[PDB]
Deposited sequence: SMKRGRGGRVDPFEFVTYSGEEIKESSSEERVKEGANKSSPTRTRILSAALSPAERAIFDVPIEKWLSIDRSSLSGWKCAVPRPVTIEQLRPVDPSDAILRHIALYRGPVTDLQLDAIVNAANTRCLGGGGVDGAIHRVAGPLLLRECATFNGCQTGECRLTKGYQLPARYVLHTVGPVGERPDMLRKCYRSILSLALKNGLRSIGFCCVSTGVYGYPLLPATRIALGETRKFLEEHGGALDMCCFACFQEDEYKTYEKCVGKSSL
């Protein structure tokens, strides 16, 4: 049985949950979260993938095929939504019912059932992670994390730990990351990238064999260059 939250445990939520759903939408929503990993989603008549040519694990290139650690890390030029991995990361807020930035894009692509699922829990604390189905994303699951506002390294680190912990607890083998806290939350990019990479490296060293790919999705060229520069 899945661990769906890393931490310890509304009229808007009420409105969302009372909104009409079709039988076909109900059928997708009814899929036990743990079954979604392996289900043939095309067997559900209400499902589709909303990303036409998703980028799969075998299409990514590791930073370095020969390093023990960097063979499990890839950089990707583009939105995290393109990635067909076990899980993608959303940079949410504590309410965790959508927003702008990557949170907006993920909800657009995933479709309205993602926000419906989010309304079943009481948001998400800073540094923690909530696990939901990915609905219309090529990715299976979303790991919604809430990064700090401003440079609070231990919370940003916590975010990365919480994400990687839930993937480990539930047997997710590949994760697509976005640059959490670095857009509207204004965490400085190079310091944020250091943490993202430092934490993923530490996790990979301790839990080698649990994960096959940590892909860092760089929606902006300067994120991609910062990541590139950080990994030699």
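- The deposited chain is incompletely modelled, with C-alpha atoms absent over 1 to 13, 23 to 39, 263 to 266.
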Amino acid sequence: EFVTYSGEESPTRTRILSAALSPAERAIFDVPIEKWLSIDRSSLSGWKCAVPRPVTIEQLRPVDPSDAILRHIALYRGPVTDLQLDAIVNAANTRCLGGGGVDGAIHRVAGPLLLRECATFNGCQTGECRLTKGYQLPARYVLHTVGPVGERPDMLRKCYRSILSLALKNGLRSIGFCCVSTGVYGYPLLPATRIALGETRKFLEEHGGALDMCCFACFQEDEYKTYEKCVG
From here on, numbers count along this sequence of modelled residues.
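- Taking the PDB entry as given, 209 to 217 carries the higher mean Cα B factor of the two stretches 21 to 29 and 209 to 217.
- When the C-alpha B-factors of 187 to 195 and 200 to 208 are averaged, 200 to 208 comes out higher.
- The entry lists C-alpha B-factors for 84, 125, 90, 120, and the highest of these is at 125.
- Split the chain's modelled residues into thirds by C-alpha temperature factor. Residue 176 is in the lowest one.
- In this PDB entry, residue 60 carries a Cα temperature factor that places it within the highest third of its chain's modelled residues.
- Sort the modelled residues of the chain by CA B factor and residue 144 lands in the lowest third.
- Among the modelled residues of its chain, residue 78 has a C-alpha B-factor that falls in the middle third according to the deposited record.
- Ranked against the other modelled residues of its chain, the C-alpha B-factor of residue 112 as given in the entry falls in the lowest third.
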